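Below is one structure, written out as structure tokens, with a few remarks after it.
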Amino acid sequence: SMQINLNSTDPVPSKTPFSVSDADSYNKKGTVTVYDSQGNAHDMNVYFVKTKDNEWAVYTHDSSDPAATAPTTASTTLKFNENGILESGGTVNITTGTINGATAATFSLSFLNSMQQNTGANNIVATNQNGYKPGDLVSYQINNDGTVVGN
Amino acid sequence: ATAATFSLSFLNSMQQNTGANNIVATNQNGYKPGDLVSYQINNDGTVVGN
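Protein sequences, first through last, are from chains A and A'. A prime marks a further copy of an entry chain.
For the first sequence, the residue numbers in the entry's author numbering are 152 to 302.
For the second sequence, the residue numbers in the entry's author numbering are 253 to 302.
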């Protein structure tokens, strides 16, 4: 997941096309690190490009895979209503690249709770993922309801 | 002296997605005696030498 506050007053970038290497071809970049089943980290870059009023194209790219094709088509488009609430495009399946001969990760990316503010600066408030590479028992505890938990 | 011939097992070895190569355990059924140090009677009456 990635929760972003986007600025309704932002410009549509004049520099085309979108390119991960041209910093004035997009409005905002964020990152979320995901894992494959081998446990390799993939640093997934997420780019937001305002296309017109209330719509933002979203590109993704596995920055950790040198063989990955540069993103020329959007993974999704976020559409916000008049109140700046996310109305569509908020959920999209992403497939990573591959690292050191290991199979890619495939995950649902959610933009839930993202909003378009009347005025502000583009800003990522939160990211989250259910991926990780173990891992060793550090402590354990008995809670006051008797639940036993490992940390 | 004559060589030992043994089955070597890598049971429970794993390839982690990420970590450092690390041996967690080794074990063998070989040893050179050896002298009685203590003996005991357990609470089920089993008698064991140490």
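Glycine included, each C-beta is placed from N, C-alpha and C at the ideal position.
Residues of the same chain with a CB within less than 6 Å of the CB of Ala-277(A), apart from the 5 flanking positions on each side, are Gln-154 in chain order. Out of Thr-224(A), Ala-219(A) and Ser-290(A), the CA that lies nearest to the CA of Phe-169(A) is found in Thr-224(A). Residue range 192-203 is occupied by the beta strand (DSSP E) that includes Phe-199(A). The beta carbons of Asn-244(A) and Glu-238(A) sit about 20 Å from each other, so the pair does not count as a contact at 8 Å. Less than 8 Å separates the beta-carbon of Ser-215(A) from that of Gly-248(A).
Residue state for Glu-233(A) is assigned as coil, using DSSP reduced to three classes.
Residue environment for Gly-240(A): buried (at least 16 other C-beta atoms within 10 angstroms of its C-beta).
Closer than 9 Å at the C-beta level to chain A, one finds these residues of the region 267-284 of chain A': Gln-267, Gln-268, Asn-269, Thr-270 and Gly-271.
In the three-state reduction of the DSSP assignment, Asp-213(A) falls in the strand class, which pools E and B.
When CB distances to chain A' are screened at a threshold of 9 Å, the residues of the region 165-193 of chain A falling below it are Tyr-186, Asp-187, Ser-188, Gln-189, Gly-190, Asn-191 and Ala-192, in chain order.
Classified as exposed, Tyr-283(A') has fewer than 16 neighbouring CB atoms from the shown chains inside 10 Å of its CB. According to the DSSP assignment, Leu-157(A) belongs to the beta strand (DSSP E) that extends over 153-158. Exclusion of the five residues before and after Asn-294(A) leaves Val-300 as the residues of its chain whose Cβ lies within less than 7 Å of its Cβ. In terms of Cα proximity to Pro-222(A), the closest of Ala-192(A), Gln-280(A) and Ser-172(A) is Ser-172(A).
DSSP places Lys-180(A) in the strand class (E or B) of the three-state scheme.
Its chain contains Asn-156 and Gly-235 as the residues whose beta carbon lies nearer than 6 Å to that of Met-266(A), once the 5 sequence neighbours on both sides are disregarded; these appear in chain order. The Cβ atoms of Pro-164(A) and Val-200(A) lie closer than 8 Å to each other.
Annotation: the continuous beta strand (DSSP E) that includes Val-299(A') extends over 299-301.
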